[PDB]
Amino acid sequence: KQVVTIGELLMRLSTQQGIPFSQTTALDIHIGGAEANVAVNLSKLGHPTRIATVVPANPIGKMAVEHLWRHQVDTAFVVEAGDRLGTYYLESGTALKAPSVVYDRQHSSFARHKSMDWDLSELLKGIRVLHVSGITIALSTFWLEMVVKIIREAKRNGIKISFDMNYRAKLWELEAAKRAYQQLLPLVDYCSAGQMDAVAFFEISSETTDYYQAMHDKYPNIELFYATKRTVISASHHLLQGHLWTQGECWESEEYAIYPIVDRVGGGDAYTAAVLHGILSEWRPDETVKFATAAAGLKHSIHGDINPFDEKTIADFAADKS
């Protein structure tokens, strides 16, 4: 089954372990972006994927396109426009010192794009699932409205809608995010959202124990919720457990202890891609949460945004756990 996604690619520029911005003489490059990571990760698990996106017509934009080709993501729907690819700087963290990020994504070709450049019948042909996150819709009114527009056209073709809340304080205030999420949520089939999202965006009280049930109660259209519970002990030591709620039941993976941590970035996108894989493969929910959590766990040992492992490697690891 084929999947389409919508999202911005960024170049991440990272310091080496133990080196602060103020002492760095070189930066490691990684191409990534929430939705693009999900496309790459899905393609790793055998799903043909495609992404509607925008890059500048320069060598840096071309690196982003090359990243897609390398991981076999269809680039037919990459549009060339604007003046720059967005970037961010990441200062490595270890032990007591948390990673630190400086964004430089504003004014990017994507963020500034205001032109309807996609033939929807074409973008959506043969597609089973459409995936997008709250990062994209936060970038601008044009993007919020474009995404809704595309969601609706997809729903009319019976395409399933996957939505990753992915709230980023750095991108918008809780109230604006909330207004926007309330326009998307009634249109979603599969939703990545956790307890914090429940309280901030679903009017759920911090008090309620079964928040997934109350989230479904508010938006009965949502068949399935998925997220990880992360316990941050330090920048080098997390506990990680997958949750997947559907049909009135929460299914949980085993809890993994991850230490040390090579690179947590994209850990969430690995999880998301792995859940969608299980759904598309029509697995039982226990099988899906177990596989997806193993995938996200393994991603933490790999520098860069995307998860390099094939399905067999992930499955084998999930089976050793039990």
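One-based numbering along the sequence shown.
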property: Stretch with the greater mean C-alpha B-factor as recorded in the entry, comparing 268 to 276 against 283 to 291; result: 283 to 291
property: Residue range whose averaged C-alpha B-factor is higher in the record, 158 to 166 or 100 to 108; result: 158 to 166
property: Deposited CA B-factor, highest of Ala95, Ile137, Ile127, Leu244; result: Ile127
property: Residue with maximal Cα B-factor (values as given in the PDB entry) among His238, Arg152, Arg84, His71; result: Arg152
property: Third of chain Cα B-factors occupied by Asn37; result: lowest
property: Record-listed C-alpha B factor of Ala57: chain third; result: highest
property: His131, C-alpha B-factor rank within chain (lowest, middle or highest third); result: middle
property: CA B-factor placement of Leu90, once the chain's modelled residues are sorted into thirds; result: lowest
property: Entry-reported Cα temperature factor of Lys229, expressed as the chain third it lands in; result: lowest
